[PDB]
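A.B. asks: This is the structure I have questions about; it appears just below.
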Amino acid sequence: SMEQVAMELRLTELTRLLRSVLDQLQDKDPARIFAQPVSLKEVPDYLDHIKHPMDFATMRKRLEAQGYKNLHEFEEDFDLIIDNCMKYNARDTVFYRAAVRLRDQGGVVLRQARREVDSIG
Ligand code: NA
């Protein structure tokens with residue numbers, strides 16, 4: 001139907017908006033601490049600590065497969081990246097500190113993304 005196509009036009013626009021948002025979030029991690037999943041060869045016990053691992057490349061695969069239905073689902077994944085890091089790593093580590101910074105700097109981008117999604121449907 002014609003309906004499903006206009007929906008597919010919107011999802012595709014949502015995917016286009018979320019891609020730009022993603023690139024802006026990832027620019028706030030110049031050290032690329034969150035770029036890739038935590039290695040299970042290098043941290044074998046990780047899943048005993050963190051039940052839902054998340055990273056920017058894993059978010060990207062989901063994104064290009066048009067797997068985010070709305071901004072809220074996208075935000076949940078970004079928040080996992082941050083919260084996982086803040087549980088697994090202690091407060092006096094470069095990792096924890098990089099997540100605090102990503103959170104604070106990401107807030108501005110997510111603020112405007114919310115307005116842009118509502119504004120343009
Ligand atoms: Na902790």
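Ligands are numbered from 1 in the order shown, residues from 1 within each chain, and chains are lettered A, B, ... in the order they appear in the structure tokens.
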Please, which residues have at least one atom within 6 Å of an atom of ligand 1, using only C-alpha atoms and all ligand atoms, listed as a ChimeraX atom specification?
C.D. replies: /A:87-90
A.B. asks: Keeping N, CA, C and O atoms, export the residues of the selection given above as a PDB file, in the first residue's frame.
C.D. replies:
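The resulting result-v3.pdb:
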```
ATOM      1  N   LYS A  87      29.065   1.728  36.036  1.00  0.00           N
ATOM      2  CA  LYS A  87      29.038   0.630  36.979  1.00  0.00           C
ATOM      3  C   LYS A  87      30.324  -0.187  36.967  1.00  0.00           C
ATOM      4  O   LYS A  87      30.876  -0.437  38.030  1.00  0.00           O
ATOM      5  N   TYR A  88      30.815  -0.528  35.786  1.00  0.00           N
ATOM      6  CA  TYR A  88      31.934  -1.452  35.632  1.00  0.00           C
ATOM      7  C   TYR A  88      33.222  -0.813  36.090  1.00  0.00           C
ATOM      8  O   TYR A  88      34.020  -1.491  36.723  1.00  0.00           O
ATOM      9  N   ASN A  89      33.385   0.490  35.854  1.00  0.00           N
ATOM     10  CA  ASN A  89      34.637   1.162  36.190  1.00  0.00           C
ATOM     11  C   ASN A  89      34.488   2.058  37.413  1.00  0.00           C
ATOM     12  O   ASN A  89      33.420   2.650  37.632  1.00  0.00           O
ATOM     13  N   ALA A  90      35.523   2.120  38.234  1.00  0.00           N
ATOM     14  CA  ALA A  90      35.504   3.000  39.395  1.00  0.00           C
ATOM     15  C   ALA A  90      35.606   4.466  38.988  1.00  0.00           C
ATOM     16  O   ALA A  90      36.005   4.813  37.867  1.00  0.00           O
TER      17      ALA A  90
END
```
A.B. asks: Please list as a ChimeraX atom specification every residue within 10 Å of range 56-73 of chain A, counting only C-alpha atoms and excluding residues in the same chain fewer than 3 positions away.
C.D. replies: /A:8,11-12,14-19,22-23,25-26,29,32-37,53,76-79,81,110,113-114,117-118
A.B. asks: Report, in Å to a single decimal, how far apart CA of residue 40 in chain A and CA of residue 105 in chain A are.
C.D. replies: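 Spanning CA of residue 105 in chain A to CA of residue 40 in chain A is a straight-line distance of 28.5 Å.
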A.B. asks: What lies within 9 Å of residue 38 in chain A using only C-alpha atoms, ignoring chain neighbours under 4 positions off, as a PDB file with C-alpha atoms, in the first residue's frame?
C.D. replies:
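Printed below is out-v6.pdb as written:
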```pdb
ATOM      1  CA  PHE A  34      32.910   3.707  23.470  1.00  0.00           C
ATOM      2  CA  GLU A  42      40.120  -9.089  27.061  1.00  0.00           C
ATOM      3  CA  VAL A  43      37.418  -8.834  29.797  1.00  0.00           C
ATOM      4  CA  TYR A  46      32.258  -8.726  31.612  1.00  0.00           C
ATOM      5  CA  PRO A  53      26.467  -4.309  26.656  1.00  0.00           C
ATOM      6  CA  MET A  54      26.264  -1.373  24.311  1.00  0.00           C
ATOM      7  CA  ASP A  55      28.632   0.678  22.101  1.00  0.00           C
TER       8      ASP A  55
END
```
A.B. asks: Run DSSP on the backbone of this structure and report the residues of chain A it assigns to helix (DSSP H, G or I), as a PyMOL selection string.
C.D. replies: chain A and resi 2-26+46-49+56-64+71-88+94-120
A.B. asks: Next, the residues of the selection above should be written as a PDB file, in the first residue's frame with C-alpha atoms.
C.D. replies:
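So the final result, stored in again-v7.pdb, reads:
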```
ATOM      1  CA  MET A   2       0.684   3.715  -0.339  1.00  0.00           C
ATOM      2  CA  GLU A   3       0.354   4.093   3.484  1.00  0.00           C
ATOM      3  CA  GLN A   4       3.289   1.678   4.255  1.00  0.00           C
ATOM      4  CA  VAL A   5       5.507   3.653   1.811  1.00  0.00           C
ATOM      5  CA  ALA A   6       4.889   7.063   3.515  1.00  0.00           C
ATOM      6  CA  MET A   7       5.667   5.300   6.853  1.00  0.00           C
ATOM      7  CA  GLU A   8       8.841   3.940   5.169  1.00  0.00           C
ATOM      8  CA  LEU A   9       9.595   7.511   3.936  1.00  0.00           C
ATOM      9  CA  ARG A  10       9.288   8.700   7.633  1.00  0.00           C
ATOM     10  CA  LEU A  11      11.360   5.816   9.128  1.00  0.00           C
ATOM     11  CA  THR A  12      13.974   6.648   6.495  1.00  0.00           C
ATOM     12  CA  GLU A  13      13.889  10.299   7.527  1.00  0.00           C
ATOM     13  CA  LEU A  14      14.084   9.244  11.182  1.00  0.00           C
ATOM     14  CA  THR A  15      17.067   7.070  10.271  1.00  0.00           C
ATOM     15  CA  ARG A  16      18.609  10.105   8.521  1.00  0.00           C
ATOM     16  CA  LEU A  17      18.057  12.297  11.635  1.00  0.00           C
ATOM     17  CA  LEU A  18      19.382   9.614  14.015  1.00  0.00           C
ATOM     18  CA  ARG A  19      22.548   9.082  11.869  1.00  0.00           C
ATOM     19  CA  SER A  20      23.528  12.757  12.261  1.00  0.00           C
ATOM     20  CA  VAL A  21      22.686  12.644  15.983  1.00  0.00           C
ATOM     21  CA  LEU A  22      24.893   9.527  16.305  1.00  0.00           C
ATOM     22  CA  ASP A  23      27.839  11.169  14.550  1.00  0.00           C
ATOM     23  CA  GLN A  24      27.545  14.180  16.894  1.00  0.00           C
ATOM     24  CA  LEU A  25      27.429  11.937  20.019  1.00  0.00           C
ATOM     25  CA  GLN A  26      30.438   9.937  18.860  1.00  0.00           C
ATOM     26  CA  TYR A  46      32.258  -8.726  31.612  1.00  0.00           C
ATOM     27  CA  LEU A  47      28.819 -10.337  31.211  1.00  0.00           C
ATOM     28  CA  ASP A  48      28.820 -11.327  34.862  1.00  0.00           C
ATOM     29  CA  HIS A  49      28.848  -7.499  35.472  1.00  0.00           C
ATOM     30  CA  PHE A  56      28.585   3.076  19.123  1.00  0.00           C
ATOM     31  CA  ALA A  57      29.322   0.468  16.396  1.00  0.00           C
ATOM     32  CA  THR A  58      26.516  -1.786  17.708  1.00  0.00           C
ATOM     33  CA  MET A  59      24.172   1.224  17.675  1.00  0.00           C
ATOM     34  CA  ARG A  60      25.275   2.006  14.121  1.00  0.00           C
ATOM     35  CA  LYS A  61      24.478  -1.541  12.813  1.00  0.00           C
ATOM     36  CA  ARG A  62      21.015  -1.227  14.418  1.00  0.00           C
ATOM     37  CA  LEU A  63      20.606   2.250  12.904  1.00  0.00           C
ATOM     38  CA  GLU A  64      21.505   1.315   9.288  1.00  0.00           C
ATOM     39  CA  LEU A  71      14.224   8.608  19.520  1.00  0.00           C
ATOM     40  CA  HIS A  72      13.392   7.016  22.955  1.00  0.00           C
ATOM     41  CA  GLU A  73      14.844   3.598  21.840  1.00  0.00           C
ATOM     42  CA  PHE A  74      17.934   5.387  20.499  1.00  0.00           C
ATOM     43  CA  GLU A  75      18.387   7.260  23.818  1.00  0.00           C
ATOM     44  CA  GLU A  76      18.037   4.033  25.789  1.00  0.00           C
ATOM     45  CA  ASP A  77      21.000   2.546  23.899  1.00  0.00           C
ATOM     46  CA  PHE A  78      23.112   5.675  24.447  1.00  0.00           C
ATOM     47  CA  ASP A  79      22.296   5.708  28.098  1.00  0.00           C
ATOM     48  CA  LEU A  80      23.372   2.006  28.313  1.00  0.00           C
ATOM     49  CA  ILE A  81      26.784   2.927  26.949  1.00  0.00           C
ATOM     50  CA  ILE A  82      27.118   5.481  29.794  1.00  0.00           C
ATOM     51  CA  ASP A  83      25.569   3.559  32.636  1.00  0.00           C
ATOM     52  CA  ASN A  84      27.442   0.323  31.909  1.00  0.00           C
ATOM     53  CA  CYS A  85      30.733   2.217  32.024  1.00  0.00           C
ATOM     54  CA  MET A  86      29.831   3.970  35.284  1.00  0.00           C
ATOM     55  CA  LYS A  87      29.038   0.630  36.979  1.00  0.00           C
ATOM     56  CA  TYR A  88      31.934  -1.452  35.632  1.00  0.00           C
ATOM     57  CA  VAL A  94      39.722   7.470  32.686  1.00  0.00           C
ATOM     58  CA  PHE A  95      36.775   5.287  31.564  1.00  0.00           C
ATOM     59  CA  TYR A  96      34.259   6.507  34.167  1.00  0.00           C
ATOM     60  CA  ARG A  97      35.403  10.071  33.573  1.00  0.00           C
ATOM     61  CA  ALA A  98      35.015   9.755  29.807  1.00  0.00           C
ATOM     62  CA  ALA A  99      31.390   8.623  30.289  1.00  0.00           C
ATOM     63  CA  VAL A 100      30.539  11.583  32.560  1.00  0.00           C
ATOM     64  CA  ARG A 101      31.877  13.914  29.846  1.00  0.00           C
ATOM     65  CA  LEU A 102      29.964  12.073  27.082  1.00  0.00           C
ATOM     66  CA  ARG A 103      26.786  12.267  29.129  1.00  0.00           C
ATOM     67  CA  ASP A 104      27.091  16.003  29.846  1.00  0.00           C
ATOM     68  CA  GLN A 105      28.085  16.910  26.241  1.00  0.00           C
ATOM     69  CA  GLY A 106      25.512  14.488  24.742  1.00  0.00           C
ATOM     70  CA  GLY A 107      22.666  16.167  26.721  1.00  0.00           C
ATOM     71  CA  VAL A 108      22.851  19.268  24.498  1.00  0.00           C
ATOM     72  CA  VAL A 109      22.582  17.191  21.297  1.00  0.00           C
ATOM     73  CA  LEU A 110      19.693  15.077  22.681  1.00  0.00           C
ATOM     74  CA  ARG A 111      17.921  18.227  23.824  1.00  0.00           C
ATOM     75  CA  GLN A 112      17.761  19.567  20.235  1.00  0.00           C
ATOM     76  CA  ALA A 113      17.100  16.160  18.675  1.00  0.00           C
ATOM     77  CA  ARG A 114      13.922  15.828  20.800  1.00  0.00           C
ATOM     78  CA  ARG A 115      12.643  19.203  19.562  1.00  0.00           C
ATOM     79  CA  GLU A 116      13.580  18.284  15.903  1.00  0.00           C
ATOM     80  CA  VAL A 117      11.730  14.925  15.998  1.00  0.00           C
ATOM     81  CA  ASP A 118       8.526  16.465  17.498  1.00  0.00           C
ATOM     82  CA  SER A 119       8.754  19.553  15.256  1.00  0.00           C
ATOM     83  CA  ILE A 120       9.104  17.480  12.002  1.00  0.00           C
TER      84      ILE A 120
END
```
